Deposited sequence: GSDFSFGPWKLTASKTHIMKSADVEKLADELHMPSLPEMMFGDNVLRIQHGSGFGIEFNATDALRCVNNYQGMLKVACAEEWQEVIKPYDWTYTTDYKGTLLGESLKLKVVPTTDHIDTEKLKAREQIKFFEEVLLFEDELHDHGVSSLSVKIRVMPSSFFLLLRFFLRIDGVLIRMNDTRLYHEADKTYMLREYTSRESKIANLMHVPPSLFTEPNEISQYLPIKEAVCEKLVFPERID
């Protein structure tokens, strides 16, 4: 299930969970004791150029950004994997915010991992992309609720418009202790596009991915 638009190539695969002994193997290769219950070690969302350069998302790469007594939450600040050889996107800092304020030509949502934290909450990494006639927008979201104690959300928004020679990658981290949210219905701890807006932004980074020349 793939798509192409002008200079761009979009590859995706949505598979199932890895084998049960298969991950004790990869748990060793990443050097940490446990992997999420549901490990889509084959799912990928990739966007590339006709000059090799581009960026992908997978759960193996994302999990190498979990700290290393370990992080049984699997909180990750992974922001994609750059592609290409001899021609790659360079990461420069910038002032350009992505203010999300237009018709959809293509869309898919790829799930990367999930874990239910021994039935005490949820921990999830997913990615969407909507492609449009003039641009494409993309969102890698880590979500974490621990039942009745806190919620954390790490979003990586990625955006590119046709005749700009750069994309924009915007990282935000939100977090709140749950006992600090007065009068929010419990359904909202399960709707992450709803609650996102009522949590404090702890961190925010804004880079610009300048393209190679020729």
Legend entry - Regions of the deposited sequence not represented in the model: 1, 70-87, 121-125, 239-240
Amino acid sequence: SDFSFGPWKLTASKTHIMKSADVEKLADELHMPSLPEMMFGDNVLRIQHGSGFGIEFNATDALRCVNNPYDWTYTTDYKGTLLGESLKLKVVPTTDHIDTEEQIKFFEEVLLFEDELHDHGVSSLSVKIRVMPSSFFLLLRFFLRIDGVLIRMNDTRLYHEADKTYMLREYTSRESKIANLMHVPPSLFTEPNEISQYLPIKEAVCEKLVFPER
From here on, numbers count along this sequence of modelled residues.
Legend entry - Which of 89-97 and 120-128 has higher mean CA B factor, as the PDB entry lists it: 89-97
Inset, instruction - Look over 104-112 and 71-79 in the entry and identify the one with the greater average Cα temperature factor. - result: 104-112
Inset, instruction - Name the residue from 31, 64, 145, 177 with the greatest C-alpha temperature factor listed in the entry. - result: 31
Legend entry - Largest Cα B-factor, entry values, listed residues 152, 160, 157, 183: 183
Inset, instruction - Would you mind ranking residue 16 by its C-alpha B-factor against the rest of the chain and naming the third, lowest, middle or highest? - result: highest
Inset, instruction - Going by the recorded CA B-factors, say which third of the chain residue 172 sits in, lowest, middle or highest. - result: lowest
Legend entry - residue 35 - which third its CA temperature factor falls in, relative to the rest of the chain: middle
Legend entry - Lowest, middle or highest third - CA B-factor, residue 9: middle
Inset, instruction - Quick one: classify residue 27 as lowest, middle or highest third of the chain based on its Cα B-factor. - result: highest
